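Participant:
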Amino acid sequence: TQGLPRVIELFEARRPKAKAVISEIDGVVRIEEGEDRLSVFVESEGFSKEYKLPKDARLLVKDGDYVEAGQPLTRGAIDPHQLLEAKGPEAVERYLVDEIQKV
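In PDB author numbering, the protein residues as written are 1253 to 1355.
1) Should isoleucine 1260 be labelled buried (16 or more other beta-carbon atoms within 10 Å of its own) or exposed?
2) I need the straight-line Cα distance from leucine 1256 to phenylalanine 1263, nearest angstrom please.
3) Going straight from the alpha carbon of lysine 1269 to that of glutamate 1287, what length do you get?
4) Taking C-alpha atoms, which residue in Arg1282, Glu1342, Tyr1347 lies nearest to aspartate 1317?
5) In the DSSP assignment, the beta strand (DSSP E) including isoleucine 1277 goes from what residue to what residue?
6) By Cβ distance, which residues of its chain are closer than 8 angstroms to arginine 1310, with the 5 residues on each side in sequence left out?
7) If you count every other CB in all the chains shown that lies within 10 Å of the CB of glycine 1322, and 16 or more means buried, which is it?
8) DSSP has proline 1324 in a bridge; who is on the other side?
9) If I'm right that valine 1344 touches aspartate 1278 with Cβ under 8 angstroms, what's the distance once you round it to whole angstroms?
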């Protein structure tokens, strides 16, 4: 379990260990990975940004599924500043509080 150390990891908004990645904006998902690395693109209509990921990490996103901004890609705690700039001020509080209470 996470516990007290995690409590600190939240209250201090310190960069997570397993830091998950999120789509910086709403874009379709495209899972394209040959055997080299694990690349999951997230491309909107006129905004295209891909995401480099290790082949090991377990992704939670389905291919082609339209995802929103700040929406999680990999399993793990989400970086506070990152998610802040991503989903906006509202959700920040949500994730933080919910996790603290989680533990």
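Where a beta carbon is used, it is the ideal one built from N, C-alpha and C, also for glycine.
Facilitator: The structure says:
1) Under this definition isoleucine 1260 is an exposed residue.
2) Distance between the alpha carbons of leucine 1256 and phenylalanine 1263: 10 angstroms.
3) Distance from the CA atom of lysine 1269 to the CA atom of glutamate 1287, rounded to whole angstroms, is 26 angstroms.
4) Comparing alpha-carbon positions, the option among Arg1282, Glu1342, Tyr1347 lying closest to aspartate 1317 turns out to be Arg1282.
5) Unbroken run through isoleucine 1277: none, as it is neither H nor E.
6) Annotation for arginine 1310: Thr1326, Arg1327 place their beta carbon closer than 8 angstroms to its own, counting only its chain and skipping 5 residues before and after.
7) Answer is buried; the Cβ neighbour count reaches 16.
8) In DSSP, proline 1324 forms a bridge with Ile1274.
9) Contact doesn't hold; Cβ gap of about 18 angstroms is too wide.
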